[PDB]
Number of protein chains: 4
Amino acid sequence: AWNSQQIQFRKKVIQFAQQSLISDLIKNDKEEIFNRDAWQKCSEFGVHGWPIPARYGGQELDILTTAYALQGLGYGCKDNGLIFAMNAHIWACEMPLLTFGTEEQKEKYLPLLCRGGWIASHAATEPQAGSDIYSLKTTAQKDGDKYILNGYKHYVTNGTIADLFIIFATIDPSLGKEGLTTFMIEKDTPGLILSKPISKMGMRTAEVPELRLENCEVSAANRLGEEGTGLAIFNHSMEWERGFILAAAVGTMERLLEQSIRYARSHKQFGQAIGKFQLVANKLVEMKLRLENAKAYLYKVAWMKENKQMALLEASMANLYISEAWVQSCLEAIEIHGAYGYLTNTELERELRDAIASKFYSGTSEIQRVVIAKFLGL
Amino acid sequence: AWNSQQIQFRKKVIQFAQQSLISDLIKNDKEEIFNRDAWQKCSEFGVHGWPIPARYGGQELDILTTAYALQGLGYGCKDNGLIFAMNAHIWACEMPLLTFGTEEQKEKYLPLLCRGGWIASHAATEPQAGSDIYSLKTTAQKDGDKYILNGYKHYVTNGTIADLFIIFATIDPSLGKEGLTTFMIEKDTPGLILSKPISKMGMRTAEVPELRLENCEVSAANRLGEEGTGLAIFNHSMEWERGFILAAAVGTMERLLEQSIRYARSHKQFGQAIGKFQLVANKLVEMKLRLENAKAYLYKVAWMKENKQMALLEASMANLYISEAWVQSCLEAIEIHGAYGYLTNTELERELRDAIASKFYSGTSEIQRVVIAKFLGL
Amino acid sequence: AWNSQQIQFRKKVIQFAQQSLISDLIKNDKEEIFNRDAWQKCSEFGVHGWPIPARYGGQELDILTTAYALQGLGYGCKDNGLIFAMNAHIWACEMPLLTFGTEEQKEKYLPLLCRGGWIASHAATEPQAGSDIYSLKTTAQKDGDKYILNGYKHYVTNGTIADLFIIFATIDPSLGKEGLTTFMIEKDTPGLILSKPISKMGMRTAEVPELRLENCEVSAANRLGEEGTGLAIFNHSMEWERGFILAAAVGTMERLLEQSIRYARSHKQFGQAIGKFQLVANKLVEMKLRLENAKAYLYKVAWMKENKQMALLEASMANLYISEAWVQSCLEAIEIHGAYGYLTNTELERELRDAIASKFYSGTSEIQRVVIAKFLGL
Amino acid sequence: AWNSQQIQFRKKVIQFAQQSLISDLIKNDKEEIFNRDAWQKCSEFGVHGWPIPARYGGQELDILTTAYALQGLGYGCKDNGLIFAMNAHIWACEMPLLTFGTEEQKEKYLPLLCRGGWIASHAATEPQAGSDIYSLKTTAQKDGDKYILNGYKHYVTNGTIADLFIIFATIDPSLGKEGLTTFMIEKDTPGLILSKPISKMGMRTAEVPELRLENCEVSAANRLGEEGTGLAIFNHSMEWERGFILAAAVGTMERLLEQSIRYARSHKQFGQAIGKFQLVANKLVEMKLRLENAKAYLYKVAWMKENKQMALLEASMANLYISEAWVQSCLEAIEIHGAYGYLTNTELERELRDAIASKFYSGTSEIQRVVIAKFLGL
Ligand SMILES: Cc1cc2nc3c(=O)[nH]c(=O)nc-3n(C[C@H](O)[C@H](O)[C@H](O)COP(=O)(O)OP(=O)(O)OC[C@H]3O[C@@H](n4cnc5c(N)ncnc54)[C@H](O)[C@@H]3O)c2cc1C
Ligand SMILES: Cc1cc2nc3c(=O)[nH]c(=O)nc-3n(C[C@H](O)[C@H](O)[C@H](O)COP(=O)(O)OP(=O)(O)OC[C@H]3O[C@@H](n4cnc5c(N)ncnc54)[C@H](O)[C@@H]3O)c2cc1C
Ligand SMILES: Cc1cc2nc3c(=O)[nH]c(=O)nc-3n(C[C@H](O)[C@H](O)[C@H](O)COP(=O)(O)OP(=O)(O)OC[C@H]3O[C@@H](n4cnc5c(N)ncnc54)[C@H](O)[C@@H]3O)c2cc1C
Ligand SMILES: Cc1cc2nc3c(=O)[nH]c(=O)nc-3n(C[C@H](O)[C@H](O)[C@H](O)COP(=O)(O)OP(=O)(O)OC[C@H]3O[C@@H](n4cnc5c(N)ncnc54)[C@H](O)[C@@H]3O)c2cc1C
């Protein structure tokens, strides 16, 4: 059901990613190197501005085209960490700003994230507030026209390279859910303390440090939405995050399937291609079923959000399905290749290491299941 | 993405099935009773004529509407055996006749199946030719204007009540695939021998006897397609069968999900509803994920066939997914209800017994996997 | 690790079951007929007396030999309902009586259950006390030397044919878990009301009616253990039940594996035996792995109980594993046979229907998981 | 069923591993450092000599004690790569030498491997002969009292540090299976070329380079067994390898279970410990079931090999079960910990990376399934 414009644009995205995004991935993964050159090239192409209206220097593309192009990006670009870093910037930072920001807030910050080279971070999670986000301890005390922010935020994607921080704090912890408020703090604000990026299994080309706020002053002008709107901002941010952060992962799944079919047809054992044995062929049949199901979950959310509908249930189902489908297909691709798929220089192992992250960011598999159960009535 | 006409027609199908299809299903399943009254009422409604053009007395509905209305029928009608019996008549008999039949063959036989109360059977499988259907032994020898048919066909859905038989035979077994030819034989033709309907686990309200042909004479005018076209006719009829026979099963899955949510909310243990325990709620979360995936496989095939595309791969993926998804969801519905779900009077047990059949008719799960692997290039 | 005596005795059990237990199983399952003739022959052989001391007319066999012989019984006897009915009588009735009964209680009832043709029932479960068994509503009011019992017990295996009833009641519901008490009530005691046996999916050759107590008088002499000991009696009964009710199911699993290997080697398709296709062969590989794991869980509990140890965790792990392993292997046996495995006259379908019951009696799969989690410290 | 001396010896093994095997595992894994100091300490303790008779400087333990002590080593030692490197040396090199070697071959080489600090490698696999091991191309041409070896062996565990090489070659490729012969070649023999150790996902503390033989001369005295015995030697080598290489992995599984229980009880969310949520507690119930099953498969093989029985089927079942059980339990341990389990410094991520290797060494999961199917008669 994709038109000529959509086929050609995705084909243009794949070609761009295959030609002008080449990196020494074995080295960048091992050494934990974020590709700033590739981020800059993607922004020049328009990746960041894809769901953003043209009045804020965006590309003003429809959601279905944005999701289709992202899938193309995932297929063409092997750097999964870069893809994750950009999606965090787009869906968890640019989107809530576009929806809840005032005309002056949007006119100042959106063109910068869009075209300017400014990077954004979403800092909401805390050591005792991961799954239980509502139980945030980061307080924001009003002092006339300003706010004094104090707290600790662990896991802040892009933190060490971010120019603007989207922070979820509370005006009063007694209020609970009703006390949650969002603040936009620029990089190098006195009181904003960052750690060195934390070492992890995969997504090593994406910088994830810790953040600490020690009497961090912010004007009431940089507060996103009214006092107490923080919950509505977070729930809206998760809708875009859960449903779209894994759009490119579907593309990666398509690349691994074609690579595995090629190997199952090429590699021979017992006088025949490995794919001639049903135990090998079935792994590719399972990879195919998962890929088509992932596309279905992605395109339903994309359609719903384009038709201005509330799709938290659909985004949760998409994130739960695609994250697990991705890990499983990666595991099977390594199996098809045998011992060869376990070697560093093959690069299939990195794919699995990166895939696991998706089971933790945007919420755990168990959280999505709890969210789905609530929507069923339970 | 369904229009007002589609929502209203499916709602009309559910209401019709809930009001005018009421049967003593515990009794009819136990005693193996085929509901002729309900078959007649469905034909009066237009079920049989749904994919048939209005010129042959059909409804001339588009495939996507036909599939949506079928999902509605499955939700509203509890008689899974009747649903299977009708889908076998529509997709494996009416469809190949509409596609490969001459104007005179269609004008004679199609209006009868639509509105005449004529029932059709598809007899292709044999004791030594189930999965290996190309290895058919049923021979057809030409004698001027006629053909003398000899063979044995096991598993003939609707056989004991059919008025017209769609038979897959061979002109010369040496030719193999190129020798396969189809014949339309009317009920009670000298040489057409039927057994008593065979007793099975589920689908007990659908008559499945054995067939024997002892020098069965048939005119060359009643031969569907040219000599050797039988393979093309079978492959076409599988495409429609695999993709659409389980359209109603998706509806049944929707009914059991809502029935299980109601029970998980109603039934209490340890001072709370069972659905408050995550091990119970997760079974409903799995039922929800499977239901949405089943809809996706069904609607892709429906779209493709409507847009006149060859969808054997998509029909095989749909039949493989939906048949297993149904059995699994049926098993979980019994689990949610506990020992209560194991009792005859609850009716959830019959649902599982009926669901298993889907793993054997239209081809086994293993056959679909082999078919998918071939389409992948293995 | 089995000696000559153990090999020969099991071989003697198989031969006995294969020669003198022959029944019209298709008919008895369809018509719901309990085989009293086979129950009598098993008692004459000594089955019921296997874990019982010779002084109470038992066989005085060690647990490991008892479990090995019961596996042999499961392999040789096709009537799964009879096997379930006998195991309920042995483990849930004879065992708590042997452990908690006084000399006079043992001397009177045990020889009768062993060789007297007396059948016993275990009535503990209630409509609002299934999984939450401690929340029993059946009250027992003391009136000098007697007790007045009032309540309702659903699912009472052997109820319609039992001579002695093992009833779990409460002296005071305010005490809860500390108020539980066990009573032995003889058949046809004024106030003991039984329903017709309830119709179910499988285990149709085992009678499971409902029980109602309306001012049922019982002597303090027929009270098993002291007041408040009911919990200890139930927990002890569950150890023997969970760990040994499925000992014969392991034997049934061995029979279906060899039956399926024979079919996979005999039945041919595409010019070779079906077992030559890896998707068919893998089902038997899975059946083999499950059979060996089931033996391991069964023999661990048998050893522990033989060495007078508390094995509730091990019995729960055995019942959870074996019940699910049995259902899964039954489904695969039907799959290997194709449409043939779905027919009533084949008998593989009945196996699956019987196997499901194991997921509900002796506690549900979810309950076992909860029990295991508590033992782990969670 | 373990006695006081077996409990005490395993406890002594755990204490030794916990106190005198401490390494900078995050660094060694990242930098690919083999711990020679820990290998030396293990040999001083007697690890290598455990299944070796005291005559050849061994410890002469019974297999059941050896397996129990290896389980203890896996629990106490976190360096999975060292454990794999040692098990490769014991089971694939020392064991075939003990069984097939002459008195002079055993007297010279066994005391060295056992107590001399000599390391051994098993080189059988080739680029065109992995699963299809019979199709070896490495030729051995006789020249009176010597043999000229030519070929290429990929994946040679311990190759870069080995003093003795166990090589599988062919006297005549036309003979196939009947032409297979084993040779013992000492390190630095002209013609023995080794590559740099290959970089892989996990097991990074174990050196796995490639090997090339260019007119490598070896005496007929250093030929293990007679000409054509190579298959019997390999299949005997696979019995010990498959059944005992994963004995320590069972210990690792026990460590991760206790570590995960501690975290599920300690870590709190939504006002309670995470283990109070059934989706978390079930991962630990599954970890428990898998651990007990792994112990059962390990102890069956250990018993059979102690009682001098052919256990290739049992070793294949053990390898297939344990390797998959290990990967799954590692994945779940990371899930229980959330994002915390994905960090390098947590060390759970390395456990999973190491676990995957087990699905490729000693044969792939698919190969074991094929081996099991052959034993069943398919
Ligand atoms: C309720 C019901 C109604 C039916 N109605 C009709 C009807 O009206 N008309 C009609 O023509 N047919 C009908 N059939 C037949 C049906 O399509 C068969 O179940 C199907 O053709 C499979 O044949 P089989 O069961 O004989 O199994 P087999 O084909 O004998 O195969 C045996 C087993 O081996 C496996 N196997 C076989 N070949 C391969 C392979 N190449 N690769 C891997 N595994 C393989 C399969 O998984 C199967 O389990 C009906 C069947 C049922 C159950
Ligand atoms: C064939 C048969 C014979 C029987 N014979 C006897 C007999 O002789 N004597 C006797 O006393 N009983 C007998 N029973 C009763 C049997 O033990 C029950 O099936 C069992 O007690 C649980 O059944 P239930 O559905 O009433 O549980 P329910 O309490 O109805 O549970 C409903 C569902 O919720 C889930 N659930 C409930 N509580 C929890 C929890 N805490 N955590 C997680 N999930 C939970 C369960 O998974 C279950 O599926 C028999 C049952 C059967 C099927
Ligand atoms: C860490 C490590 C250390 C090793 N150390 C040694 C060592 O010291 N000495 C040594 O000799 N070897 C060693 N090996 C080699 C190891 O045993 C191989 O992984 C194994 O032999 C499988 O070969 P392969 O990976 O080449 O895959 P292949 O054999 O090429 O097969 C490719 C794929 O096809 C499938 N397949 C192949 N044949 C069949 C079939 N008949 N039926 C079904 N599916 C099939 C398999 O599942 C596999 O995934 C080591 C391997 C590893 C990973
Ligand atoms: C690569 C990466 C990048 C990230 N980037 C960001 C970022 O930029 N900004 C940001 O704000 N956050 C970020 N996060 C945090 C991320 O969203 C967390 O992984 C998520 O919040 C869960 O964190 P947790 O493991 O602390 O959860 P925990 O709350 O510690 O959960 C512990 C375990 O218990 C289970 N559990 C907990 N509660 C329940 C329940 N109610 N029901 C059932 N099971 C339950 C969960 O399954 C989990 O496995 C990032 C995480 C990762 C891994």
Could you look through segment A:140-194, keep only residues that are under 30 Å from residue A:83 (Cβ atoms) and among the charged types (D, E, K, R), and pick out the one that is farthest from the chain's Cα centre (by Cα)? A:188
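Residues in segment A:88-124 that are in a strand (DSSP E or B) and over 20 Å from the mean Cα position of the chain (by Cα): how many?
0
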Quick one: which of C:169, C:85 is farther than 18 Å from residue C:56 by Cα and in a helix (DSSP H, G or I)? C:85
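I need a count of the residues in segment D:342-351 that are within 8 Å of another protein chain (Cβ to nearest Cβ) and not aromatic (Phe, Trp, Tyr).
So the count comes out to 4.
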Only listed residue being facing chain D (nearest Cβ under 8 Å), surrounded by 23 or more Cβ atoms within 10 Å (Cβ to Cβ) and touching a residue at least 40 places away in the same chain (Cβ under 8 Å), chosen from A:356, A:322: A:356
Filter segment A:323-378 down to residues that are over 21 Å from the mean Cα position of the chain (by Cα) and acidic (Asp, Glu) and give me whichever is farthest from ligand 1 (Cβ to nearest atom). A:347
State the number of residues belonging to segment A:132-151 that are surrounded by 17 or more Cβ atoms within 10 Å (Cβ to Cβ) and outside any helix (DSSP H, G or I). 7
Would you mention how many residues in segment A:239-265 are among the charged types (D, E, K, R) and within 12 Å of chain B (Cβ to nearest Cβ)? 3
Is at least one residue of segment D:195-209 farther than 30 Å from residue D:340 by Cα, away from ligand 4 (no atom under 16 Å from the Cβ), part of a loop (DSSP other than H, G, I, E, B) and away from chain A (no Cβ under 14 Å)? no
Which residue, of C:1, C:17, is among the aliphatic types (A, V, I, L, M) and under 26 Å from residue D:304 (Cα atoms)? C:1
So is residue D:213 of a type in the set (A, V, I, L, M, F, W, C) and more than 30 Å from residue D:25 (Cβ to Cβ) or not? yes
When residues of segment A:16-32 are filtered for being of a type in the set (D, E, K, R) and assigned to a helix (DSSP H, G or I), how many remain? 4
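The rows are residues; the columns are (1) within 16 Å of ligand 4 (Cβ to nearest atom); (2) within 28 Å of residue D:48 (Cβ to Cβ); (3) of a type outside the set (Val, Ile, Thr).
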residue: D:112; (1), (2), (3): no, yes, yes
residue: D:116; (1), (2), (3): no, yes, yes
residue: D:122; (1), (2), (3): no, yes, yes
residue: D:125; (1), (2), (3): no, yes, no
residue: D:135; (1), (2), (3): no, no, yes
residue: D:148; (1), (2), (3): no, no, no
residue: D:152; (1), (2), (3): no, no, yes
residue: D:155; (1), (2), (3): no, yes, yes
residue: D:158; (1), (2), (3): no, yes, yes
When the residues of segment C:223-238 are narrowed to those that are more than 18 Å from residue C:106 (Cβ to Cβ) and out of contact with any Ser or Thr (no Cβ under 9 Å at 6 or more places or on another chain), which ends up surrounded by the most Cβ atoms within 10 Å (Cβ to Cβ)? C:231
From the list A:266, A:219, A:237, A:316, pick out the single residue that is assigned by CATH to the domain that holds residue A:366 and within 30 Å of residue A:141 (Cα to Cα). A:237
I need the full set of residues from segment C:327-341 which are more than 10 Å from chain B (Cβ to nearest Cβ) and without any contact (Cβ under 8 Å) to a residue 40 or more places away in the chain, in order please. none
Could you say whether any residue in segment A:292-313 is within 15 Å of residue A:260 (Cβ to Cβ) and either in contact (Cβ under 8 Å) with a residue 24 or more places away in the chain or touching an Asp or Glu at 6+ places or on another chain (Cβ under 8 Å) (or both)? no
From the list B:288, B:268, B:295, pick out the single residue that is among the charged types (D, E, K, R), more than 23 Å from residue A:316 (Cβ to Cβ) and within 9 Å of another protein chain (Cβ to nearest Cβ). B:268
Before we move on, is residue C:219 of a type in the set (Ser, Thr, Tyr) and crowded, with 18+ Cβ neighbours inside 10 Å? no
Taking segment C:307-318, which residues are within 19 Å of the chain's Cα centre (by Cα) and within 12 Å of chain D (Cβ to nearest Cβ)? C:313, C:314, C:316, C:317, C:318
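All Cβ positions, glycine included, derive from the backbone under ideal geometry; neighbour counts span all protein chains shown. Numbers and lists here come from the model and the stated rules, or from a named source; no laboratory instrument gave them.
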